[PDB]
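Report on the structure given below.
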Amino acid sequence: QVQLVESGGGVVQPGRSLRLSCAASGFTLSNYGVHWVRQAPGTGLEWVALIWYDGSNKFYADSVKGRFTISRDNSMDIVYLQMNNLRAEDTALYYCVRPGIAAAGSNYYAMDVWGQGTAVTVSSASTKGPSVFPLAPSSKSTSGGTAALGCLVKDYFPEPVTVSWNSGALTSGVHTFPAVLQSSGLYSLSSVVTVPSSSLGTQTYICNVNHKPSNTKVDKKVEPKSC
Amino acid sequence: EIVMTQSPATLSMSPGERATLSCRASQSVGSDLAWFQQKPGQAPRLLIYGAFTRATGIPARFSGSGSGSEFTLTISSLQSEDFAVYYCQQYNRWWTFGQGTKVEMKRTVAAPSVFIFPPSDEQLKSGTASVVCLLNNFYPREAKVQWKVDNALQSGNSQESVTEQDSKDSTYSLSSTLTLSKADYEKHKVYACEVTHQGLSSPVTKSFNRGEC
Amino acid sequence: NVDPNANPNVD
């Protein structure tokens, strides 16, 4: 049914500018004030700004006042969030949000329609494909038990990378961890799988790593280390 | 600003049970209080507004109550679709959110299996060394990982990552990755990861000596 | 004075 549709996110260098936009589907956006609410990786929700239906009143969170500017074009029916002098702490998913519904007896309106969010990544890093290193099953793996192995996907930018095992033939016991941002500004993740120790001599395990922003595609065989 | 405080941080529930979520405000917000559901990768969805009014399309098992600075979200007869993070928000004085309550699936304890991975020879050629500790399929979520290098406690040079709760056995898995320079890695012998978890009678240490098979 | 929390929509 009714949706909000945003665009404009991406990777931007610290101190630079970026303009987001928001449009409505199934209703006229200019009939409503419009909010922006952001969510940084791993944390909660933070209100950013509000613009009156007619573009008169504009309001900003203290954290962005003087750096962000909100505007709207009620001919095209589009709301803009102009973000200047961006900093690492402005990295977040940015939601366009409608205050569309009010409780009985109230003139205060709750946020009933949220866009999908456009991602803003403030960073000085350049596109870089990962290195893929094996996480080799231990030589002391339990004889009649379970062994673990994996692939370390280190030093890439931007997100995401994907990982599969044996071209999709191995799915049970796989855990592909969310990436972490390293202090270098590059991401890193591991994908692991637990398998019968008895299979280590006979079954081949390959992790298929894809990092499409850098056109990097790697199949890495993981096996017990010879020593 | 008006500070919104939610409790507990995590609520562990079984389908069919009643979930009770608390939201406190640092000052009265009247009834201008909303509740949101959020699932990974998805935008928040409005559940309740005006403290007690259910939004259109929301099932009746969700209800809000309270007034002033004290509010409660009740999920009756919880269903598997309801495992999510729930935020409250006051919209009386600007717009501020609580930090969320995660409603997760309750189950019996499962101790992690623990594995340690030395840096690969291929990685050592590049100048850096990653040591990885894996905690596989455990419950509850609380887990402590401690790195020691020749009995020196490592602090600040590891990063952890945790999976979303498993849809099939409701467990968690976790990796901890210790980063050292190649030069530091080759200055030390004993690399050890100690895991504390309530399913383990005493902490489990997995370790290796650099150079041994 | 303006109440920033009041109805920002058309009416």
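The chains in the structure tokens are called A, B, ... from first to last as shown; in each chain the residues are counted from 1, and the ligands are counted from 1 in the order shown.
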
Can you check which residues of segment 7-210 of chain B DSSP gives as alpha helix (DSSP H) on the backbone and send them as a tab-separated table (two decimals) with N, CA, C and O atoms, in the first residue's frame?
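As written to disk, out34.tsv reads:
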```tsv
chain	number	residue	atom	x	y	z
B	121	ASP	N	49.64	-19.29	7.10
B	121	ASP	CA	50.92	-18.91	6.53
B	121	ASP	C	50.76	-17.86	5.44
B	121	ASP	O	51.61	-16.97	5.31
B	122	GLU	N	49.68	-17.94	4.65
B	122	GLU	CA	49.47	-16.95	3.60
B	122	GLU	C	49.30	-15.55	4.18
B	122	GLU	O	49.84	-14.58	3.64
B	123	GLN	N	48.57	-15.43	5.29
B	123	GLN	CA	48.39	-14.11	5.88
B	123	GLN	C	49.69	-13.56	6.44
B	123	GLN	O	49.97	-12.36	6.30
B	124	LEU	N	50.50	-14.41	7.07
B	124	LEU	CA	51.74	-13.93	7.68
B	124	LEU	C	52.67	-13.29	6.66
B	124	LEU	O	53.44	-12.39	7.00
B	182	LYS	N	52.66	-9.12	12.47
B	182	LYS	CA	53.47	-10.31	12.26
B	182	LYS	C	54.65	-10.35	13.22
B	182	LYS	O	54.95	-11.39	13.80
B	183	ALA	N	55.32	-9.20	13.41
B	183	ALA	CA	56.49	-9.15	14.29
B	183	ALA	C	56.12	-9.51	15.73
B	183	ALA	O	56.85	-10.25	16.40
B	184	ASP	N	54.99	-8.99	16.23
B	184	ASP	CA	54.55	-9.37	17.57
B	184	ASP	C	54.16	-10.84	17.62
B	184	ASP	O	54.50	-11.54	18.58
B	185	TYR	N	53.43	-11.32	16.61
B	185	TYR	CA	53.02	-12.72	16.59
B	185	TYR	C	54.21	-13.66	16.75
B	185	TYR	O	54.17	-14.62	17.53
```

Sorted per-residue table, segment 32-149 of chain B near chain C, closest atoms and distance, 12 Å, only C-alpha atoms, as CSV:
```
residue,atom,partner,partner_atom,distance
B:32,CA,C:5,CA,10.1
B:90,CA,C:5,CA,10.6
B:91,CA,C:5,CA,7.0
B:92,CA,C:5,CA,6.5
B:93,CA,C:5,CA,6.6
B:94,CA,C:5,CA,6.2
B:95,CA,C:5,CA,8.4
B:96,CA,C:5,CA,12.0
```

**Request:** List every residue of segment 15-206 of chain A that DSSP, applied to the backbone of this structure, places in strand (DSSP E or B), and write the result as a ChimeraX atom specification.
**Result:** /A:18-25,34-39,45-51,58-60,68-73,78-83,92-98,101-102,109-110,113-114,118-122,128,131-135,146-157,162-165,170,174-176,180-181,187-196,205-206

Atoms kept (C-alpha atoms) for selection, written as an mmCIF file, in the first residue's frame:
```cif
data_model
loop_
_atom_site.group_PDB
_atom_site.id
_atom_site.type_symbol
_atom_site.label_atom_id
_atom_site.label_comp_id
_atom_site.auth_asym_id
_atom_site.auth_seq_id
_atom_site.Cartn_x
_atom_site.Cartn_y
_atom_site.Cartn_z
ATOM 1 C CA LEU A 18 25.436 14.666 0.368
ATOM 2 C CA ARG A 19 21.776 15.281 -0.509
ATOM 3 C CA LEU A 20 19.002 12.794 0.271
ATOM 4 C CA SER A 21 15.536 12.869 -1.287
ATOM 5 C CA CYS A 22 12.156 11.410 -0.373
ATOM 6 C CA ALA A 23 8.943 10.844 -2.329
ATOM 7 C CA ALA A 24 5.552 9.355 -1.512
ATOM 8 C CA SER A 25 3.622 6.528 -3.181
ATOM 9 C CA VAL A 34 8.131 15.104 6.854
ATOM 10 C CA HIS A 35 10.724 13.794 9.327
ATOM 11 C CA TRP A 36 14.122 12.215 8.916
ATOM 12 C CA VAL A 37 15.217 9.590 11.459
ATOM 13 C CA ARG A 38 18.591 7.839 11.312
ATOM 14 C CA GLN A 39 19.920 4.551 12.672
ATOM 15 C CA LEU A 45 16.902 5.509 16.390
ATOM 16 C CA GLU A 46 17.791 9.207 16.355
ATOM 17 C CA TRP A 47 15.462 11.949 15.129
ATOM 18 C CA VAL A 48 17.262 14.259 12.692
ATOM 19 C CA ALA A 49 14.941 16.926 11.267
ATOM 20 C CA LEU A 50 11.380 17.963 10.419
ATOM 21 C CA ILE A 51 9.866 20.232 7.757
ATOM 22 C CA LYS A 58 12.132 23.571 9.908
ATOM 23 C CA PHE A 59 13.578 21.860 12.985
ATOM 24 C CA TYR A 60 16.820 19.977 13.618
ATOM 25 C CA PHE A 68 22.048 19.777 7.831
ATOM 26 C CA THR A 69 19.398 21.653 5.868
ATOM 27 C CA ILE A 70 15.901 20.364 5.071
ATOM 28 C CA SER A 71 13.812 21.593 2.136
ATOM 29 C CA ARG A 72 10.953 20.461 -0.058
ATOM 30 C CA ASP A 73 9.679 20.943 -3.605
ATOM 31 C CA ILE A 78 9.860 15.700 -2.999
ATOM 32 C CA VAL A 79 11.566 16.414 0.343
ATOM 33 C CA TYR A 80 15.329 16.950 0.531
ATOM 34 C CA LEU A 81 17.811 16.559 3.379
ATOM 35 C CA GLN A 82 20.985 18.469 2.485
ATOM 36 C CA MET A 83 23.834 17.163 4.647
ATOM 37 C CA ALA A 92 23.742 5.607 9.442
ATOM 38 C CA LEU A 93 20.655 4.462 7.595
ATOM 39 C CA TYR A 94 18.466 7.517 6.965
ATOM 40 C CA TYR A 95 14.684 7.083 7.047
ATOM 41 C CA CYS A 96 12.141 9.435 5.541
ATOM 42 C CA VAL A 97 9.162 9.335 7.912
ATOM 43 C CA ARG A 98 5.546 10.600 7.837
ATOM 44 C CA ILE A 101 -1.857 9.600 12.442
ATOM 45 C CA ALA A 102 -2.979 11.226 15.703
ATOM 46 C CA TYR A 109 0.876 13.003 15.164
ATOM 47 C CA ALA A 110 2.811 9.737 15.420
ATOM 48 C CA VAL A 113 4.919 5.563 7.527
ATOM 49 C CA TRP A 114 8.646 4.863 7.261
ATOM 50 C CA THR A 118 19.061 5.032 2.359
ATOM 51 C CA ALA A 119 22.542 4.200 3.660
ATOM 52 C CA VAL A 120 25.102 6.950 4.287
ATOM 53 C CA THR A 121 28.704 5.839 4.844
ATOM 54 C CA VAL A 122 31.160 8.582 5.804
ATOM 55 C CA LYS A 128 39.093 -2.577 -2.179
ATOM 56 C CA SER A 131 41.964 -11.119 0.932
ATOM 57 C CA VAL A 132 40.708 -14.613 1.706
ATOM 58 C CA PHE A 133 42.608 -16.685 4.239
ATOM 59 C CA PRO A 134 41.791 -20.230 5.381
ATOM 60 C CA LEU A 135 40.762 -21.034 8.934
ATOM 61 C CA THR A 146 33.071 -32.401 15.057
ATOM 62 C CA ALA A 147 35.671 -30.163 13.399
ATOM 63 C CA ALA A 148 35.403 -26.485 12.507
ATOM 64 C CA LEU A 149 36.866 -24.655 9.529
ATOM 65 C CA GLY A 150 36.259 -21.396 7.767
ATOM 66 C CA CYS A 151 37.428 -18.492 5.646
ATOM 67 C CA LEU A 152 38.611 -15.112 6.923
ATOM 68 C CA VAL A 153 37.532 -12.382 4.493
ATOM 69 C CA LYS A 154 39.749 -9.453 5.475
ATOM 70 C CA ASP A 155 40.252 -5.827 4.435
ATOM 71 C CA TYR A 156 37.523 -4.857 1.983
ATOM 72 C CA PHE A 157 35.457 -1.746 1.263
ATOM 73 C CA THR A 162 28.787 -12.745 0.392
ATOM 74 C CA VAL A 163 30.093 -16.211 1.237
ATOM 75 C CA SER A 164 28.802 -19.654 0.335
ATOM 76 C CA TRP A 165 30.318 -23.096 0.766
ATOM 77 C CA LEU A 170 27.072 -27.042 1.948
ATOM 78 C CA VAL A 174 27.478 -22.655 8.330
ATOM 79 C CA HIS A 175 27.775 -19.374 10.225
ATOM 80 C CA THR A 176 28.693 -16.291 8.220
ATOM 81 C CA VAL A 180 33.205 -5.668 11.649
ATOM 82 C CA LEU A 181 34.654 -2.289 10.768
ATOM 83 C CA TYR A 187 35.719 -4.338 6.867
ATOM 84 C CA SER A 188 36.475 -7.935 7.756
ATOM 85 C CA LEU A 189 34.377 -11.021 8.327
ATOM 86 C CA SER A 190 34.659 -14.751 8.817
ATOM 87 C CA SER A 191 32.462 -17.581 7.628
ATOM 88 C CA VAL A 192 32.808 -20.879 9.481
ATOM 89 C CA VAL A 193 31.255 -24.324 9.238
ATOM 90 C CA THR A 194 31.276 -27.329 11.542
ATOM 91 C CA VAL A 195 31.654 -30.729 9.874
ATOM 92 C CA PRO A 196 32.314 -34.362 10.794
ATOM 93 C CA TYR A 205 35.559 -27.645 1.496
ATOM 94 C CA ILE A 206 35.669 -24.481 -0.602
#
```

**Contacts of residue 137 of chain B at 7 Å (only C-alpha atoms; same-chain gap of 6+ positions) as a PyMOL selection string** = chain B and resi 112+171-173

**Message:** Env of residue 143 of chain B: 8 Å cut, atoms = only C-alpha atoms, seq-sep filter 6 positions within chain, self excluded. Answer as an NGL selection string.
**Reply:** :B and (195-198)

With only C-alpha atoms counted and 6 Å as the cut-off, give the residues of chain A in contact with chain C, each with its shortest interatomic distance in Å and the pair that gives it, as a Markdown table.
```
| residue | atom | partner | partner_atom | distance |
| --- | --- | --- | --- | --- |
| A:31 | CA | C:10 | CA | 5.1 |
| A:32 | CA | C:9 | CA | 4.1 |
| A:33 | CA | C:8 | CA | 4.8 |
| A:52 | CA | C:8 | CA | 5.0 |
| A:53 | CA | C:9 | CA | 5.2 |
| A:107 | CA | C:7 | CA | 5.5 |
| A:108 | CA | C:6 | CA | 5.3 |
```

Can you spit out the residues from that selection as a PDB file, in the first residue's frame, using C-alpha atoms?
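Once written, part_17.pdb looks like this:
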```pdb
ATOM      1  CA  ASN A  31      -0.089  17.181   2.514  1.00  0.00           C
ATOM      2  CA  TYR A  32       2.240  16.180   5.367  1.00  0.00           C
ATOM      3  CA  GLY A  33       5.149  17.388   7.380  1.00  0.00           C
ATOM      4  CA  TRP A  52       6.307  21.578   7.812  1.00  0.00           C
ATOM      5  CA  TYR A  53       3.943  20.496   5.028  1.00  0.00           C
ATOM      6  CA  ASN A 107      -3.162  17.321  17.608  1.00  0.00           C
ATOM      7  CA  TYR A 108       0.179  15.486  17.956  1.00  0.00           C
TER       8      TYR A 108
END
```

**Request:** Select, from A:55, A:173, A:178, A:201, the residue with the minimum atom-to-atom distance to residue 136 of chain B, counting only C-alpha atoms.
**Result:**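 For residue 136 of chain B, the nearest of the candidates is A:173.
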
**Request:** Find the residues of chain B in contact range of chain A, meaning any atom within 6 Å when counting only C-alpha atoms, and list them as a VMD selection string.
**Result:** chain B and resid 43 46 50 99 117 163 213

With N, CA, C and O atoms retained, export the selected residues as a PDB file, in the first residue's frame.
```pdb
ATOM      1  N   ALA B  43      12.671  -1.398   8.212  1.00  0.00           N
ATOM      2  CA  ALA B  43      12.348  -0.152   8.904  1.00  0.00           C
ATOM      3  C   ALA B  43      11.439  -0.414  10.106  1.00  0.00           C
ATOM      4  O   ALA B  43      10.744  -1.431  10.161  1.00  0.00           O
ATOM      5  N   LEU B  46       5.145   1.123  13.148  1.00  0.00           N
ATOM      6  CA  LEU B  46       4.368   1.685  14.244  1.00  0.00           C
ATOM      7  C   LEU B  46       3.347   0.669  14.749  1.00  0.00           C
ATOM      8  O   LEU B  46       2.547   0.147  13.971  1.00  0.00           O
ATOM      9  N   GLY B  50      -0.451   7.366  20.858  1.00  0.00           N
ATOM     10  CA  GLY B  50      -1.273   7.894  21.936  1.00  0.00           C
ATOM     11  C   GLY B  50      -1.262   7.012  23.166  1.00  0.00           C
ATOM     12  O   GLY B  50      -2.270   6.927  23.877  1.00  0.00           O
ATOM     13  N   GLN B  99      16.142   2.828  24.020  1.00  0.00           N
ATOM     14  CA  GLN B  99      17.225   2.110  23.354  1.00  0.00           C
ATOM     15  C   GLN B  99      16.832   0.699  22.933  1.00  0.00           C
ATOM     16  O   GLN B  99      17.676  -0.030  22.404  1.00  0.00           O
ATOM     17  N   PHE B 117      41.768 -20.743  15.824  1.00  0.00           N
ATOM     18  CA  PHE B 117      42.415 -20.802  14.525  1.00  0.00           C
ATOM     19  C   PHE B 117      43.659 -19.929  14.530  1.00  0.00           C
ATOM     20  O   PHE B 117      43.547 -18.697  14.680  1.00  0.00           O
ATOM     21  N   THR B 163      26.097 -13.919  15.472  1.00  0.00           N
ATOM     22  CA  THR B 163      25.005 -14.164  14.538  1.00  0.00           C
ATOM     23  C   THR B 163      23.649 -13.823  15.156  1.00  0.00           C
ATOM     24  O   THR B 163      23.476 -13.780  16.376  1.00  0.00           O
ATOM     25  N   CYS B 213      52.254 -28.342  15.035  1.00  0.00           N
ATOM     26  CA  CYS B 213      51.214 -28.852  14.140  1.00  0.00           C
ATOM     27  C   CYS B 213      49.889 -29.041  14.875  1.00  0.00           C
ATOM     28  O   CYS B 213      48.822 -28.762  14.329  1.00  0.00           O
TER      29      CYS B 213
END
```

**Item:** Two-atom distance - atom CA of residue 38 of chain B, atom CA of residue 109 of chain B (Å)
**Value:** 26.4 Å

**Prompt:** Can you tell me how far atom CA of residue 130 of chain B sits from atom CA of residue 113 of chain B, in Å to one decimal?
**Reply:** 20.2 Å

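Among the candidate residues B:133, B:73, B:2, B:149, the one lying nearest to residue 88 of chain B is B:73, with distances computed using only C-alpha atoms.
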
**Request:** Find the spatial neighbours of segment 16-31 of chain B, counting only C-alpha atoms, within a cut-off of 10 Å - ignore same-chain residues fewer than 3 positions away - and output them as a PyMOL selection string.
**Result:** (chain A and resi 103+106+108) or (chain B and resi 1-13+34-35+49-52+61-80+86-93+96-103)

**Asked** When you draw a straight line from atom CA of residue 217 of chain A to atom CA of residue 131 of chain B, how long is it in Å?
**Response** 24.1 Å
